[PDB]
Amino acid sequence: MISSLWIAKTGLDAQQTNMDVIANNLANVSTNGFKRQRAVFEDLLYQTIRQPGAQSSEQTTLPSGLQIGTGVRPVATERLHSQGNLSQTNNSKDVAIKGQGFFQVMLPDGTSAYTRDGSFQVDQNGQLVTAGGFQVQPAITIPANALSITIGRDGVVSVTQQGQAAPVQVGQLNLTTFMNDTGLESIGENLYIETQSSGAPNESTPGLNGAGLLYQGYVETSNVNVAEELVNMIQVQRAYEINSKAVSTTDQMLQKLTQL
Amino acid sequence: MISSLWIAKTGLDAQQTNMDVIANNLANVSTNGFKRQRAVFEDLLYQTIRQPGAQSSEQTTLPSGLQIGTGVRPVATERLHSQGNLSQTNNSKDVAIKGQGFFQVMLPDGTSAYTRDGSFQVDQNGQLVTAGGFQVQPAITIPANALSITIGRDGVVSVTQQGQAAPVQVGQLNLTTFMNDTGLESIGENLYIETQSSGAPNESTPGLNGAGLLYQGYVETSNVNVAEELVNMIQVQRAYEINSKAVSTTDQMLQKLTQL
Amino acid sequence: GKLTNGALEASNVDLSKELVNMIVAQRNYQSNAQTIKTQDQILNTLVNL
Amino acid sequence: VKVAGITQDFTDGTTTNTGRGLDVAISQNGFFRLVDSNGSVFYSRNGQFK
Amino acid sequence: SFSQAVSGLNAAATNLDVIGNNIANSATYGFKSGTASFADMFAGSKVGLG
C-alpha cells in the first residue's frame, strides 16, 4: 500500500515479460523463417510535488522540481525482420526467398494470410499447398505423371513431362511486399494477417519493385542469435533479483514501521 | 549515516572503476593502434581529532596525533603509450609507425585530430583517407591509373605510373609529436585531440627530432597484455568482495544497535 | 589488366593464416566471456550481502 | 569496441591453367561487366564462361 | 554460426564425390570428365553466408 511497492511490482512485471520473450526466442530457434522479437520498455507517469521552473519567488525559480516516478511498463514487442541464413535441403518443393516479400496463403474461412516459411507440398488434388493444408493464393496445380518441378530465379514454375521434350509453364508465383513489415499481426502456424498498421499489400513478381529472389532447394532458418540470449538471460536474472531485493527492503521497512 | 559506510562505499566505487577499465582493455584487445589504460587512486582528506606534534605540555609533544581517513578517490586514468608489436599484412595501404608520433587527420567540422593507427583507403575522389572517411591533413591524393603505391621510411610517397617507367612523388607523410603524450584527449573512432595538458604539437619528417620511421605493409597491434588482465581481474574481484564484506559488517553493527 | 586465355584465378585464401587467426579469436572470445562471468559473480556477491 | 566495417583484400590470386576455351583470367586490376534481367549492371572476375 | 561451416562441409563433400566419380568412371569410353563449381553467397552486407 506504499508507492515503492507498486513501483517494484511494475519492475518485476517488466523483467518477467523480458524473460518471457527471451524464452520464446530460444524455444523456436530451429523454426524455418522465424523472426525474433525484442521488447521496449517505457516509464509511467510522474507525480509532481514541486513543478520544475516554478515561480518560487519574484525573481528566483527552482532549477529542478520534485518529481517521483511511478514505475515502468512494456510498450511494444517489435519483430526484427532481418534476413536469416539460407540452408541446403535438395528438395524439389522447398523455396527460400532472399530479400523482402511474403507468400500469400488462402485461409479456409476465405481470408488470406501471409507467410515467409517456404516449404511446400502437394495435396490429393494437385494443388501446391503449404505444410498445414493451406493452399497458396495463385493456386498453382501440379499435374500427375510429372517428372520434375523447376522454379526459376523469378516465380515461373514449370514441370518437365515424359512425352513433351520441353517443360510446360504451369504457372506464376508472385509475392506481396508490405511497407510496414514490423507492423504485421502474427497468428499461429507462421502466418501473418494484414492489419491497419501494416500497409496495403501490392503483389509483384520476385526481383522487381524491391521484391526478393526465389531459390529452389533452400530454406531460410530463424534469425535467432544463440550466443546473445545467454548474456540476456544473465542480465534479466540479475535485474529480477535486484527488484526482489527492493521489495524485501520495502517490506522490512514497513514491518519496522508497524511494530511500534 | 556512519563514516565507515561512506568509506566502504568509496572503496566499492574505486574497485568498480578498476574493473571497468580492465573490461575496456580486454574488449578491444584486437584494435589496431590501441593503448591500454591504467587507473591511479589517492587517499581522501583526514579528520584530525588530535593534531600530531601538538604541544601536550611545557616540554612534551605528541609523537603522532589522532587522524582518521575518509576514503579513496580515483585521481586519474592514464594511457600507457608503449610500442605495440608490428604485424605483417602485406598490404600496400597500411603503414605502421615505429617510435613516436601521430598521423594528423582533418575532422569534418574543421579541426585537427591525431591518430596512431595507419590503415588507409582511397575515397571515391582519389583522396587518401583513414577508415571512416577522415582525410589526411597534408591532403595526399592518389592519381588514377596507379600500378603501385610505395612509401619509404621517410614520409615520401611515390606512385608507379603505367608508362615512362619512372616513379613520381605525390606528397609526404609527416608525423606530429607532443611534449606530453599522456595528456591527449581521446575520442571515439580511435582518435585523439590536443588539450592544454599536452603540449603544442610540432610537425617533423620521420627520422628527425626523435620521430619514428614508417614501415609499409605492417600494422601495429594493441599493447594489451592479456596475461596481466586475468590476474588483475582476480585481484579486483577479491578486493570488491572484501569491501562488500566491510559494508555488511557495518550494517550488522547498525542493526544490532537499533535493537535496543 | 592483361587477359590470359585458358586459365582461372584462385581464391587467394591461405589456410595457415586462417587457422592461427581462428585460434587467437577463440582465445580472445574466451577471455571476454571470463570477464562477463567475473562481473556477474561480483554482482551476485553484492546482491547476497 | 565497435566494428568499423569489413574490407575485401583485392590481391591478385594464383592463375591456374584449367584448359578449355571459354575461360579467361586477368593479371591486374579490372572487372568483367555483366547485366541482369532487370537491367542492373554488375562486375565480376570469375572466368567461367558458357 | 554453424551455417557457413556446414555449407563449406557440403561443398567439400560434393567436390570429393565429383572427384571419386571421375576417378571411378575411368576406362569408360563414352565418358566426359566432370568438374564442380562453387560460388560465394551474400544475403545482406558485411558478412558472408557460405
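Observations concerning the overall build of chain A
Then, number 1: Counting its regular elements, chain A contains 2 helices and 20 strands.
Then, number 2: Computed over the C-alpha atoms, the radius of gyration of chain A is 27 Å, more than 25% above the 18 Å expected from 2.2 N^0.38 for a compact globule of 260 residues.
Then, number 3: C-alpha atoms of chain A, sized along the principal axes, occupy 95 × 45 × 35 Å.
Then, number 4: Split into buried and exposed, the 260 residues of chain A put 32% on the buried side.
Then, number 5: Taking as baseline every contact in chain A between residues at least 6 positions apart, the subset at least 24 positions apart corresponds to 62%.
Then, number 6: Accessible surface, chain A as shown: approximately 14700 Å² in total, 52% of it carbon and sulfur.
Then, number 7: The average position of the 14 basic charges and that of the 21 acidic charges among the side chains of chain A differ by 8 Å.

Details of the overall build of chain C
Then, number 1: A tally of helices and strands in chain C yields 1 helix and 2 strands.
Then, number 2: Element order for chain C, N to C, with α for helix and β for strand: β-β-α.
Then, number 3: Principal axes of the C-alpha set define a box for chain C whose edges measure 75 × 20 × 15 Å.
Then, number 4: Within chain C, the fraction of its 49 residues that count as buried is 18%.
Then, number 5: Just so you have it, chain C exposes about 3500 Å², and 58% of that area is on carbon and sulfur atoms.
Then, number 6: Computed over 4 positive and 4 negative side-chain charges, the inter-centroid distance for chain C is 4 Å.

A closer look at the pairing of strand β8 (residues 112–115) of chain A
All names here are of chain A.
Then, number 1: In the sheet, strand β7 (residues 103–106) pairs with β8 via 4 bridges, with the strands oriented antiparallel. Bridge assignment links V105 to a residue of β8, and that residue is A113.
Then, number 2: The loop that links β7 with its antiparallel partner β8 comprises 5 residues; one of these, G110, has a positive phi angle of about 105°.

Re the nonpolar core
Then, number 1: Among the nonpolar cores identified, the biggest contains 15 residues, and A:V95, A:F103, A:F120 and A:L214 are the most heavily contacted of them.
Then, number 2: Look past the residues within four positions of A:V95 in its chain and what remains in contact with it is A:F103, A:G118, A:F120, A:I151, A:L214, A:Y215 and A:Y218.
Then, number 3: Listed in part, the 12 residues of the second largest apolar core include B:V95, B:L128, B:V136 and B:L175.

Re the arrangement of the chains
Then, number 1: Among the 7 pairs of chains in contact, the pair with the most contacts is chains C and D.
Then, number 2: Between chain A and chain B there is no contact, and the shortest C-alpha to C-alpha separation is 11 Å.

Observations concerning the interface of chain D and chain C
Then, number 1: Taken together, the contact between chain D and chain C spans 23 residues of the former and 11 residues of the latter.
Then, number 2: It is D:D23, D:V24 and D:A25 that lose the most area in chain D upon contact with chain C, and together they represent 27% of the buried surface on that side.
Then, number 3: Between C:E9 and D:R45 there is a salt bridge whose closest N-O contact spans 3.1 Å.
Then, number 4: Inspection of the region where chain D meets chain C yields 10 residue pairs in polar contact.
Then, number 5: Among the secondary structure elements, those contributing two or more residues to the side of chain D that touches chain C are β1 (15–16) and β2 (24–26) of chain D.
Then, number 6: Counting residues per element, the side of chain D that touches chain C draws most heavily on β2(D), at 3 residues.
Then, number 7: Relative to β2(D), strand β1 (residues 3–5) of chain C runs antiparallel, the two sharing 3 bridges. Its bridge partner being in β2(D), C:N5 is matched across the sheet by D:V24.

Quick notes on the interface of chain A and chain C
Then, number 1: If you look at the interface, chain A gives 7 residues, while chain C gives 7 residues.
Then, number 2: Summing both partners gives a buried area of about 580 Å² for chain A against chain C, and 65% of it is carried by carbon and sulfur.
Then, number 3: In this assembly, chain A and chain C are joined by 1 salt bridge.
Then, number 4: Linking A:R238 and C:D40 is a salt bridge whose minimum nitrogen-to-oxygen distance equals 2.7 Å.
Then, number 5: One can count 1 residue pair in polar contact joining chain A with chain C.

Things to note about the pattern of salt bridges
Then, number 1: The tally for this structure, following the rule as stated, stands at 13 salt bridges over all chains.
Then, number 2: With a closest N to O distance of 3.8 Å, D:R45 and D:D12 form a salt bridge. With D:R45 in the segment after β4 (41–44) and D:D12 in the segment before β1, the pair connects residues that are 33 residues apart, well separated along the chain.
Then, number 3: A relative accessible area of 22% means that D:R45 is categorised as partly exposed.
Then, number 4: Residues participating in the shared-partner salt-bridge network are A:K35, A:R116 and A:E220.

Things to note about the sheet that holds strand β11 (residues 146–151) of chain B
All names here are of chain B.
Then, number 1: Spatially, the 3 strands line up as an open sheet ordered β11-β12-β13, and their pairing is antiparallel. Pairing within the sheet leaves two strands with one partner each, and these edge strands are β11 and β13 (168–172). Mean inter-strand twist for the sheet, computed between neighbouring axes without regard to direction, equals 25°.
Then, number 2: Across 5 bridges, the pairing between β11 and strand β12 (residues 156–161) is antiparallel. Its bridge partner lying in β12, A146 is registered against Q161.

Structural notes on the packing of aromatic side chains
Residue and element names in this part refer to chain A.
Then, number 1: Per the stated rule, a full pass over the model turns up 12 aromatic pairs over all chains.
Then, number 2: Ring geometry for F102 versus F178: centroids 6.0 Å apart, planes at 65°, classification edge-to-face. With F102 in the loop between β6 (95–98) and β7 and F178 in the loop between β15 (175–177) and β16 (185–187), this residue pair connects regions lying 76 residues apart in the sequence.
Then, number 3: Under the relative-accessibility criterion, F102 is labelled buried at 1%.
Then, number 4: Accessibility expressed as a relative area gives 4% for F178, which makes it buried.

Observations concerning helix α1 (residues 3–27) of chain A
Residue and element names in this part refer to chain A.
Then, number 1: When the terminal C-alpha atoms of α1 are compared, their 36 Å separation across 25 residues agrees well with the 36 Å that a helix rising 1.5 Å per residue should span.
Then, number 2: Every buried residue belonging to α1 is among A8, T10, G11, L12, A14, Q15, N18, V21, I22 and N25, and all of these are buried.
Then, number 3: Elements in contact with the buried residues of α1: β1 (37–43), β4 (72–79) and α2 (226–258).

Conventions we followed
Residues numbered from 1 in each chain as written, not as in the entry; some residues may be left out. Chains lettered and ligands numbered in written order. Part of a larger assembly, values for the part shown. Heavy atoms only, no water. Helix = DSSP H or I, 4+ residues; strand = E, 2+ residues; numbered from the N terminus. Rg over C-alpha atoms; globule rule 2.2 N^0.38 Å. Buried < 20%, exposed > 50% of the residue type's maximum accessible area, 1.4 Å probe, protein only. Contact = heavy atoms within 4.5 Å. Areas by Shrake-Rupley, 256 points an atom, 1.4 Å probe, with all protein chains shown as cover. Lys, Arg positive; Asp, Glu negative; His and termini not counted. Charge placed at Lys NZ, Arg CZ, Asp CG, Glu CD. Pairing = 2+ DSSP bridges. Core = buried A, V, L, I, M, F, W, Y, C linked by side-chain atoms within 4.5 Å. Buried area = accessible area lost by both parts, 1.4 Å probe. Salt bridge = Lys/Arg side-chain N within 4 Å of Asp/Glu carboxyl O. Polar contact = N/O pair within 3.5 Å; in protein donor to acceptor, adjacent residues only side chain to side chain. Axes fitted to C-alpha atoms, helices over the stretch in contact; angles between N-to-C directions. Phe/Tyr/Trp six-rings, centres within 6.5 Å; stacked < 30°, edge-to-face > 60°. Expected span 1.5 Å × (residues − 1).

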